[PDB]
Structures are given as C-alpha cells and as structure tokens.
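work_16.cif (mmCIF, C-alpha atoms and all ligand atoms) appears below.
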data_query
loop_
_atom_site.label_atom_id
_atom_site.label_comp_id
_atom_site.auth_asym_id
_atom_site.auth_seq_id
_atom_site.Cartn_x
_atom_site.Cartn_y
_atom_site.Cartn_z
CA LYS A 1 5.46 -11.61 4.42
CA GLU A 2 7.46 -11.36 7.63
CA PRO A 3 10.42 -9.03 7.22
CA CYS A 4 14.01 -9.56 8.25
CA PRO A 5 14.53 -6.58 10.51
CA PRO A 6 17.94 -4.89 10.57
CA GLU A 7 20.41 -5.94 13.30
CA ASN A 8 20.76 -2.58 15.14
CA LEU A 9 18.58 -0.01 13.46
CA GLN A 10 18.04 2.99 15.67
CA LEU A 11 14.79 4.89 16.00
CA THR A 12 15.90 8.33 17.00
CA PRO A 13 13.70 10.39 19.39
CA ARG A 14 11.55 12.88 17.48
CA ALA A 15 12.09 11.14 14.09
CA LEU A 16 8.28 10.71 13.78
CA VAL A 17 7.30 14.33 14.55
CA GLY A 18 4.97 16.09 12.19
CA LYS A 19 2.78 15.17 9.28
CA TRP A 20 2.81 11.91 7.37
CA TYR A 21 0.71 10.34 4.64
CA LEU A 22 0.09 6.59 4.90
CA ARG A 23 -0.09 5.75 1.22
CA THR A 24 1.22 2.19 0.67
CA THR A 25 0.69 -1.03 2.63
CA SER A 26 1.01 -4.81 2.41
CA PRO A 27 -1.54 -6.24 2.33
CA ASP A 28 -3.39 -3.39 0.63
CA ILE A 29 -5.82 -1.86 3.18
CA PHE A 30 -7.17 0.89 0.93
CA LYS A 31 -10.55 -0.65 0.21
CA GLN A 32 -11.23 -0.51 4.00
CA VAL A 33 -9.87 3.03 4.65
CA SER A 34 -8.34 5.80 2.60
CA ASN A 35 -6.82 9.25 2.64
CA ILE A 36 -4.81 8.63 5.77
CA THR A 37 -2.99 11.58 7.35
CA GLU A 38 -1.04 11.33 10.60
CA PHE A 39 0.17 14.17 12.80
CA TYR A 40 2.53 13.38 15.69
CA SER A 41 3.80 15.48 18.54
CA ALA A 42 6.76 14.46 20.71
CA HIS A 43 6.22 13.66 24.38
CA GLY A 44 9.69 12.71 25.50
CA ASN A 45 10.58 9.55 23.65
CA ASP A 46 6.87 8.85 22.97
CA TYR A 47 4.34 10.56 20.72
CA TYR A 48 0.72 11.63 20.72
CA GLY A 49 -1.35 12.95 17.89
CA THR A 50 -4.17 12.59 15.45
CA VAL A 51 -5.00 10.30 12.52
CA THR A 52 -7.53 11.48 9.98
CA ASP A 53 -8.94 9.17 7.35
CA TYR A 54 -11.85 8.61 5.01
CA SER A 55 -14.14 5.79 6.20
CA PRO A 56 -16.59 4.14 3.79
CA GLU A 57 -19.08 4.24 6.69
CA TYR A 58 -18.33 7.54 8.38
CA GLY A 59 -16.65 9.71 5.75
CA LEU A 60 -13.75 11.96 6.88
CA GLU A 61 -13.07 11.16 10.55
CA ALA A 62 -10.45 11.85 13.16
CA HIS A 63 -8.94 9.83 15.99
CA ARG A 64 -6.49 10.63 18.83
CA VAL A 65 -3.56 8.29 18.93
CA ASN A 66 -0.64 7.43 21.19
CA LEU A 67 2.73 5.90 20.21
CA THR A 68 4.71 4.41 23.11
CA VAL A 69 8.31 3.75 22.01
CA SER A 70 10.71 1.08 23.26
CA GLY A 71 13.88 0.83 21.20
CA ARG A 72 12.92 -0.14 17.66
CA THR A 73 9.32 -0.97 18.52
CA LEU A 74 6.33 1.01 19.42
CA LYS A 75 2.79 0.45 20.66
CA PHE A 76 0.11 2.14 18.58
CA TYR A 77 -3.19 2.92 20.33
CA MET A 78 -6.19 4.71 18.84
CA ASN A 79 -8.85 6.28 21.00
CA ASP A 80 -12.15 5.02 19.57
CA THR A 81 -11.45 1.99 17.43
CA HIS A 82 -8.82 -0.63 17.92
CA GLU A 83 -8.50 -2.70 14.80
CA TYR A 84 -5.07 -1.23 14.05
CA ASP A 85 -3.73 -1.30 17.59
CA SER A 86 -0.56 -3.39 17.85
CA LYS A 87 3.05 -3.41 18.58
CA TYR A 88 4.83 -2.26 15.41
CA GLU A 89 8.56 -2.74 14.63
CA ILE A 90 10.45 -0.06 12.77
CA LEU A 91 11.88 -1.47 9.51
CA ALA A 92 13.30 1.71 7.98
CA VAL A 93 13.41 5.39 8.79
CA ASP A 94 14.41 8.25 6.47
CA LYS A 95 13.85 11.98 6.30
CA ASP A 96 11.10 11.35 3.71
CA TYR A 97 9.48 8.06 4.93
CA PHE A 98 9.24 5.46 7.62
CA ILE A 99 8.13 1.86 7.51
CA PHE A 100 6.74 -0.28 10.32
CA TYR A 101 5.36 -3.82 10.65
CA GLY A 102 2.86 -5.26 13.08
CA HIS A 103 0.04 -7.73 13.53
CA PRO A 104 -3.15 -5.80 14.49
CA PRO A 105 -6.63 -7.37 14.43
CA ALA A 106 -7.16 -5.87 11.00
CA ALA A 107 -4.24 -7.97 9.62
CA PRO A 108 -3.10 -10.48 12.16
CA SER A 109 -0.69 -12.33 9.85
CA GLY A 110 1.21 -9.06 9.42
CA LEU A 111 0.86 -5.54 8.11
CA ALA A 112 3.64 -3.41 6.60
CA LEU A 113 2.90 0.29 6.48
CA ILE A 114 4.77 3.01 4.57
CA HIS A 115 4.40 6.60 5.80
CA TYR A 116 5.58 9.43 3.58
CA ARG A 117 6.36 13.10 4.13
CA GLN A 118 4.87 13.83 0.70
CA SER A 119 1.30 13.03 -0.33
CA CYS A 120 2.46 11.81 -3.72
CA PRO A 121 6.09 10.84 -3.26
CA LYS A 122 8.37 11.49 -6.19
CA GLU A 123 10.19 8.70 -7.97
CA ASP A 124 13.46 9.23 -6.12
CA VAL A 125 11.71 8.60 -2.78
CA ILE A 126 9.86 5.57 -4.12
CA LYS A 127 13.12 4.08 -5.38
CA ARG A 128 14.71 4.50 -1.95
CA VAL A 129 11.65 2.79 -0.43
CA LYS A 130 11.99 -0.10 -2.89
CA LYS A 131 15.59 -0.55 -1.81
CA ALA A 132 14.75 -0.29 1.89
CA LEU A 133 12.11 -2.95 1.53
CA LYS A 134 14.46 -5.33 -0.25
CA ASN A 135 16.98 -4.80 2.57
CA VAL A 136 14.36 -6.09 5.04
CA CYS A 137 13.29 -9.06 2.89
CA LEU A 138 10.15 -7.42 1.54
CA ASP A 139 9.22 -6.41 -2.02
CA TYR A 140 7.35 -3.29 -3.11
CA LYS A 141 5.48 -5.16 -5.86
CA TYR A 142 3.42 -6.88 -3.13
CA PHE A 143 2.21 -3.53 -1.72
CA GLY A 144 -0.85 -1.58 -2.73
CA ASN A 145 -1.32 2.15 -2.93
CA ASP A 146 -4.17 4.43 -1.96
CA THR A 147 -5.55 5.05 -5.47
CA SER A 148 -8.21 7.47 -4.05
CA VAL A 149 -5.55 10.15 -3.68
CA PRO A 150 -5.05 11.93 -7.02
CA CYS A 151 -1.33 11.64 -7.84
CA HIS A 152 -1.64 11.84 -11.63
CA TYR A 153 -3.80 13.62 -14.14
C1 LIG B 1 -8.40 13.94 2.82
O1 LIG B 1 -7.79 14.29 4.04
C2 LIG B 1 -7.54 15.69 4.12
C3 LIG B 1 -6.75 15.92 5.42
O2 LIG B 1 -7.57 15.57 6.56
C4 LIG B 1 -8.86 16.44 4.15
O3 LIG B 1 -8.58 17.84 4.18
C5 LIG B 1 -9.19 18.50 5.28
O4 LIG B 1 -10.53 18.63 4.96
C6 LIG B 1 -11.29 19.20 6.02
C7 LIG B 1 -12.73 19.23 5.52
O5 LIG B 1 -12.89 19.99 4.34
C8 LIG B 1 -10.79 20.60 6.37
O6 LIG B 1 -11.46 20.95 7.57
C9 LIG B 1 -11.83 22.29 7.73
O7 LIG B 1 -10.78 22.95 8.40
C10 LIG B 1 -11.03 24.29 8.72
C11 LIG B 1 -9.83 24.85 9.50
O8 LIG B 1 -9.46 23.99 10.56
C12 LIG B 1 -12.35 24.48 9.49
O9 LIG B 1 -12.69 25.85 9.54
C13 LIG B 1 -13.48 23.80 8.74
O10 LIG B 1 -14.70 23.92 9.43
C14 LIG B 1 -13.11 22.36 8.54
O11 LIG B 1 -12.85 21.79 9.79
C15 LIG B 1 -9.28 20.58 6.55
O12 LIG B 1 -8.73 21.89 6.70
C16 LIG B 1 -8.61 19.89 5.36
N1 LIG B 1 -7.16 19.87 5.45
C17 LIG B 1 -6.37 20.16 4.42
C18 LIG B 1 -4.89 20.07 4.72
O13 LIG B 1 -6.76 20.50 3.30
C19 LIG B 1 -9.63 16.09 2.88
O14 LIG B 1 -10.93 16.67 2.91
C20 LIG B 1 -9.77 14.59 2.74
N2 LIG B 1 -10.47 14.27 1.52
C21 LIG B 1 -11.24 13.21 1.33
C22 LIG B 1 -11.91 13.10 0.00
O15 LIG B 1 -11.30 12.33 2.16
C1 LIG B 2 -11.44 10.31 19.62
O1 LIG B 2 -10.67 11.38 19.16
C2 LIG B 2 -11.41 12.29 18.32
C3 LIG B 2 -10.48 13.33 17.71
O2 LIG B 2 -9.98 14.14 18.72
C4 LIG B 2 -12.59 12.93 19.08
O3 LIG B 2 -13.28 13.82 18.19
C5 LIG B 2 -13.77 15.03 18.83
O4 LIG B 2 -14.98 14.82 19.53
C6 LIG B 2 -15.48 15.98 20.20
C7 LIG B 2 -16.72 15.55 20.96
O5 LIG B 2 -16.35 14.49 21.81
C8 LIG B 2 -15.82 17.07 19.19
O6 LIG B 2 -16.27 18.26 19.80
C9 LIG B 2 -14.58 17.33 18.36
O7 LIG B 2 -14.78 18.33 17.37
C10 LIG B 2 -14.01 16.06 17.75
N1 LIG B 2 -12.72 16.38 17.14
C11 LIG B 2 -12.41 16.00 15.89
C12 LIG B 2 -11.05 16.43 15.39
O8 LIG B 2 -13.17 15.34 15.18
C13 LIG B 2 -13.48 11.81 19.58
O9 LIG B 2 -14.48 12.34 20.41
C14 LIG B 2 -12.65 10.79 20.39
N2 LIG B 2 -13.52 9.71 20.78
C15 LIG B 2 -13.48 9.18 21.98
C16 LIG B 2 -14.46 8.09 22.28
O10 LIG B 2 -12.70 9.52 22.83
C1 LIG B 3 0.16 2.13 12.93
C2 LIG B 3 -1.19 1.75 12.37
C3 LIG B 3 -1.68 2.82 11.40
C4 LIG B 3 -3.17 2.61 11.13
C5 LIG B 3 -3.83 3.72 10.31
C6 LIG B 3 -5.05 3.16 9.58
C7 LIG B 3 -6.30 4.02 9.74
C8 LIG B 3 -7.31 3.36 10.70
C9 LIG B 3 -8.53 4.24 10.92
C10 LIG B 3 -9.75 3.80 11.28
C11 LIG B 3 -10.14 2.36 11.54
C12 LIG B 3 -11.67 2.27 11.71
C13 LIG B 3 -12.29 0.91 11.37
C14 LIG B 3 -13.56 0.59 12.16
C15 LIG B 3 -13.98 -0.87 11.94
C16 LIG B 3 -15.30 -1.25 12.62
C17 LIG B 3 -15.52 -2.76 12.53
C18 LIG B 3 -16.87 -3.05 11.93
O1 LIG B 3 -17.89 -2.69 12.56
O2 LIG B 3 -16.93 -3.64 10.83
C1 LIG B 4 2.16 2.62 -6.43
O1 LIG B 4 2.48 3.87 -6.97
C2 LIG B 4 3.81 3.90 -7.45
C3 LIG B 4 3.99 5.37 -7.76
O2 LIG B 4 3.03 5.79 -8.72
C4 LIG B 4 3.91 2.97 -8.65
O3 LIG B 4 5.20 3.10 -9.22
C5 LIG B 4 3.57 1.53 -8.28
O4 LIG B 4 3.56 0.61 -9.37
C6 LIG B 4 2.22 1.54 -7.53
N1 LIG B 4 1.83 0.18 -7.06
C7 LIG B 4 0.84 -0.50 -7.63
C8 LIG B 4 0.51 -1.86 -7.09
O5 LIG B 4 0.20 -0.03 -8.58
#

Kindly present the structure from the file in structure tokens form.
Amino acid sequence: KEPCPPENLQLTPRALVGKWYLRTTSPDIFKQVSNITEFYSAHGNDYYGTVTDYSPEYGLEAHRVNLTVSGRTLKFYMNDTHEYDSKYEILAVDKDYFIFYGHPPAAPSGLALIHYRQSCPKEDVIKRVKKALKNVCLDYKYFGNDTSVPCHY
C-alpha cells in the first residue's frame, strides 16, 4: 500500500550511521533474501557502506552501497546488483528503527522496509513501529518478518 507520508518529517544528518538489521518488509521479501545487515558511514549529508545478506544462490554475500540524501528522500545504489535500487522516502525515524518506502525493480508497486538497531527487536520497539506505521497509513499486519533469524527458542 502507498503510505501517507508526514507533512514535514525531518531526516537529520547522521541519523542512519552504524549498523542496522532489515527484518520486516511489505511485501515480504524474505523468501528472496535473508539475514540482511546494513552498515552506514556518514559522508557529509550522504552515506556509504556495506550490505551483507544471505542469497539462496550465493550464500552469505556483501555489497557496497551508496545513499544520496535530499530532504526526506534518498537514492539507494548497490554496486553489483540493482534490483533494490530506487528512490526511497523516509516514513519514520527513531533511535531504534527507521522506515523507508520506494519502488525498486524488485517491487515496483512499492516496498516498505523496516530497519532495526536490534536483531530481534523487543516488544516495546515493535509497538512503536506499529504506531509509526499507522501514522503513515500502513499496517504492520501486512508486513512479513525474516523468519530465518532465530528470535525465539
Ligand atoms: C548472517 O549475517 C551475519 C552478519 O554478516 C553473518 O555473520 C558474519 O559471518 C561471517 C562468516 O562466518 C564472519 O566473517 C568472518 O569474519 C572474520 C573477521 O572479520 C574473518 O576472519 C573471517 O575469515 C570471516 O570473514 C563475520 O564476522 C560474522 N559477523 C558477525 C557479526 O557474527 C552470519 O554468518 C550470517 N548467517 C547466515 C546463516 O546467513
Ligand atoms: C561489490 O562490493 C563488494 C563488497 O565490497 C566487493 O566484494 C569484494 O571483492 C573483492 C574482489 O573484487 C574481494 O577481494 C573482497 O574480499 C570482497 N569483499 C567482500 C566484503 O566480500 C565486490 O567485488 C564488489 N563488486 C563489484 C562488481 O564492484
Ligand atoms: C533500501 C533497499 C534495501 C535493500 C536490501 C535488500 C538486500 C538486497 C541484496 C541482494 C539482491 C541480489 C538479487 C540478485 C537477483 C538476480 C536476478 C536473477 O538472476 O534472478
Ligand atoms: C513479526 O514478528 C513480530 C515479533 O515477533 C510478531 O509480533 C509479528 O506477528 C510477526 N509478523 C508475522 C507476519 O508473523
């Protein structure tokens, strides 16, 4: 579903620095790719870094990435495969998560992505994400999780 982005949400410089775990998406991408870890370094208002993931074809693999920021949107570019390259709009940003939405070749009718500071976010974080999604006209129940990552015994 297309979101209703906030009126004047700010994406602060360096908000995306460091390590994130891309654990929940709509539609669910996790039969195509899993165990997604992102690491971003600041370059001014932009970022560069690395995405690692488990590929059904290639196993654990790594890619260099660039994020080019303009206001509340950014351009995502990956070095060696381009199916996720798109403009993405920031929907929500928090100390513990961020959410963006774009239309890459992999999901051209729209792809919402939730990035977490924790590999297995605790319930308090998940509840805040639920609320943030409702505030942008989305609904957590229509997202899928990466069930390959062991978050429960
Ligand atoms: C899920 O993703 C995580 C994060 O990428 C994977 O953990 C990483 O696994 C690799 C391979 O075992 C580790 O690489 C090793 O790193 C050391 C030090 O740089 C190097 O000496 C070795 O030769 C090798 O490169 C890496 O450290 C490790 N990272 C963490 C934080 O544990 C994990 O394997 C993935 N799992 C699956 C099932 O996809
Ligand atoms: C895309 O980025 C990845 C990750 O940096 C590159 O992977 C490296 O490739 C070199 C050889 O070209 C190896 O010596 C490194 O060990 C690889 N690094 C990692 C972390 O896997 C990959 O080469 C890049 N691909 C292209 C086409 O630029
Ligand atoms: C902001 C977007 C975040 C995207 C992170 C998702 C991880 C993507 C990682 C690798 C994609 C590789 C897919 C290669 C498809 C090859 C096509 C084919 O031959 O079938
Ligand atoms: C994703 O995981 C959260 C946390 O365990 C859970 O509450 C939610 O129901 C999960 N989503 C699906 C579709 O299972």

Check: Of the candidates A:145, A:27, A:133, A:13, which shows the shortest atom-to-atom distance to residue 108 in chain A, using all atoms listed in the file?
Finding: A:27

Notebook entry, point to check: Near residue 101 in chain A, counting only C-alpha atoms, which residues have an atom at most 12 Å away, once you skip same-chain residues fewer than 6 positions from it, shown as a ChimeraX atom specification?
Noted result: /A:1-5,25-27,72-76,84-92,107-115,133,136,138

Save the residues we just selected, C-alpha atoms, as a PDB file, keeping the file's coordinate frame?
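Dumped everything to part.pdb:
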ATOM      1  CA  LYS A   1       5.460 -11.610   4.420  1.00  0.00           C
ATOM      2  CA  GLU A   2       7.460 -11.360   7.630  1.00  0.00           C
ATOM      3  CA  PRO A   3      10.420  -9.030   7.220  1.00  0.00           C
ATOM      4  CA  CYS A   4      14.010  -9.560   8.250  1.00  0.00           C
ATOM      5  CA  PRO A   5      14.530  -6.580  10.510  1.00  0.00           C
ATOM      6  CA  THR A  25       0.690  -1.030   2.630  1.00  0.00           C
ATOM      7  CA  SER A  26       1.010  -4.810   2.410  1.00  0.00           C
ATOM      8  CA  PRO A  27      -1.540  -6.240   2.330  1.00  0.00           C
ATOM      9  CA  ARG A  72      12.920  -0.140  17.660  1.00  0.00           C
ATOM     10  CA  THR A  73       9.320  -0.970  18.520  1.00  0.00           C
ATOM     11  CA  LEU A  74       6.330   1.010  19.420  1.00  0.00           C
ATOM     12  CA  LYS A  75       2.790   0.450  20.660  1.00  0.00           C
ATOM     13  CA  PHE A  76       0.110   2.140  18.580  1.00  0.00           C
ATOM     14  CA  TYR A  84      -5.070  -1.230  14.050  1.00  0.00           C
ATOM     15  CA  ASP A  85      -3.730  -1.300  17.590  1.00  0.00           C
ATOM     16  CA  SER A  86      -0.560  -3.390  17.850  1.00  0.00           C
ATOM     17  CA  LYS A  87       3.050  -3.410  18.580  1.00  0.00           C
ATOM     18  CA  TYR A  88       4.830  -2.260  15.410  1.00  0.00           C
ATOM     19  CA  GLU A  89       8.560  -2.740  14.630  1.00  0.00           C
ATOM     20  CA  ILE A  90      10.450  -0.060  12.770  1.00  0.00           C
ATOM     21  CA  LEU A  91      11.880  -1.470   9.510  1.00  0.00           C
ATOM     22  CA  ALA A  92      13.300   1.710   7.980  1.00  0.00           C
ATOM     23  CA  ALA A 107      -4.240  -7.970   9.620  1.00  0.00           C
ATOM     24  CA  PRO A 108      -3.100 -10.480  12.160  1.00  0.00           C
ATOM     25  CA  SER A 109      -0.690 -12.330   9.850  1.00  0.00           C
ATOM     26  CA  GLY A 110       1.210  -9.060   9.420  1.00  0.00           C
ATOM     27  CA  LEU A 111       0.860  -5.540   8.110  1.00  0.00           C
ATOM     28  CA  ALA A 112       3.640  -3.410   6.600  1.00  0.00           C
ATOM     29  CA  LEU A 113       2.900   0.290   6.480  1.00  0.00           C
ATOM     30  CA  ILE A 114       4.770   3.010   4.570  1.00  0.00           C
ATOM     31  CA  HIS A 115       4.400   6.600   5.800  1.00  0.00           C
ATOM     32  CA  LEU A 133      12.110  -2.950   1.530  1.00  0.00           C
ATOM     33  CA  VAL A 136      14.360  -6.090   5.040  1.00  0.00           C
ATOM     34  CA  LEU A 138      10.150  -7.420   1.540  1.00  0.00           C
TER      35      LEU A 138
END

Check: What is the atom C10 of ligand LIG 1 (chain B) to CA of residue 83 in chain A distance in Å?
Finding: 27.8 Å

Next item on the list: Write as number ranges by chain the residues around ligand LIG 1 (chain B), taking 10 Å as the cut-off and counting all atoms listed in the file.
Entry: A: 21, 33-38, 50-56, 59-62, 148-150

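Nearest to residue 116 in chain A of all the residues A:44, A:102, A:18, A:49 is A:18, based on all atoms listed in the file.
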
Notebook entry, point to check: So what do you get for CA of residue 135 in chain A versus CA of residue 70 in chain A, distance-wise?
Noted result: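 Taking CA of residue 135 in chain A and CA of residue 70 in chain A, their separation equals 22.4 Å.
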
Next item on the list: Using all atoms listed in the file, find each residue with an atom at most 9 Å away from ligand LIG 4 (chain B) and format the answer as number ranges by chain.
Entry: A: 23-24, 28, 120-123, 126-127, 140-147, 151-152

Dump the neighbourhood of ligand LIG 2 (chain B) as a compact mmCIF listing (two decimals) with C-alpha atoms, in the frame of the given file: all residues within 6 Å, distances computed on all atoms listed in the file.
# COMPACT_ATOMS: atom_id res chain seq x y z
CA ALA A 62 -10.45 11.85 13.16
CA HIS A 63 -8.94 9.83 15.99
CA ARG A 64 -6.49 10.63 18.83
CA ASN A 79 -8.85 6.28 21.00
CA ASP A 80 -12.15 5.02 19.57

Item checked: Atomic distance CA of residue 41 in chain A - CA of residue 6 in chain A, expressed in Å with one decimal ->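 Taking CA of residue 41 in chain A and CA of residue 6 in chain A, their separation equals 26.0 Å.
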
Next item on the list: Rank A:95, A:43, A:19, A:103 by their smallest atom-to-atom distance to ligand LIG 3 (chain B), using all atoms listed in the file, and report the top residue only.
Entry: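 Among the listed residues, A:103 lies closest to ligand LIG 3 (chain B).
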
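If all atoms listed in the file are the atoms counted, then among A:77, A:153, A:58, A:39 the closest residue to residue 16 in chain A is A:39.
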
Margin query: I'd like to know which of A:31, A:14, A:134, A:82 is closest to ligand LIG 3 (chain B), using all atoms listed in the file.
Written below: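 Distance minimum relative to ligand LIG 3 (chain B) lands on A:82.
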